[PDB]
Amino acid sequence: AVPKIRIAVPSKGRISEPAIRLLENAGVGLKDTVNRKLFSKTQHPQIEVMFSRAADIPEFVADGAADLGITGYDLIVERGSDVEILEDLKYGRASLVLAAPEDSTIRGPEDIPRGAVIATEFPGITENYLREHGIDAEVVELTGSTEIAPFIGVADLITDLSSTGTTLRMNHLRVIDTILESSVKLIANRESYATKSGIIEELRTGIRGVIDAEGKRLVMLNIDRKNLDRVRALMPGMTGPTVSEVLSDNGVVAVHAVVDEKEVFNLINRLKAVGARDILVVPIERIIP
């Protein structure tokens, strides 16, 4: 009769909570989720959530155990899983870098000698990076804590996943190359997409809408009509500022416009200097241009 979809959402780690929050904002929040449950209903009667570990999501989606998944690009690439990437989700960004003991000769990938050992949690991506750059080096897979590998003599070099070079400087390591830029993606099974594109695009519009709302707020203010002109030039908004009557002693209007977070501080000072008062910043859940 009517098709259901299952979306694979990380159960633990950094990706998990923001993925739950995004679905919530997309109108597809978790519904009546009992604990000890691997599956959960959502606010949409045709969408369920499967809690899966993040490294398994590429495969679950490739195989069709889940129609859609939310996971990291690094994991998708490492598995080499056969999946369609639908959207970049603009969170969970991290670089898989190649790093060396700061006192090392090696200052760039050109310096890596035949016998060099590299410790990694991502042997697939790392072998591939080495193969593409033609470097002959050995790759040792570790469970974690690659940062310790030079210290204990397992490796000359490491790979590592970071937003800030800080955990690297702390272990006295220097980035000598970036192997991969990673971000969280919404992915899809191909067979699922061809047969269930309505509901899929429905969730995709909801999610895509939340992403376009990022760093966008609705700014409202009361202005005396004599200054309404300078407020136009300051708040162009999406098509133009929305202007409404205010019941007061002066000819006061209320002006609303969607504004980006990059612009709000300079705008506030520019608005106040023109006679704007009662400046409100109201949240926007979804934008569809």
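Quick note: we count residues from 1 along the sequence shown, nothing fancier.
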With B-factors read from the PDB entry, the higher C-alpha mean of 166 to 174 and 184 to 192 is in 166 to 174
Temperature factor at the Cα of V281, chain-ranked in thirds, falls in the lowest
Modelled-residue ranking by C-alpha temperature factor, third containing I288 | lowest
Chain third (lowest, middle, highest) by recorded CA B-factor, residue given as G237 = highest
Select lowest, middle or highest to describe the third in which the CA B-factor of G215 falls within its chain in this entry.
-> middle
Is the Cα B-factor recorded for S104 in the lowest, middle or highest third of its chain?
-> highest
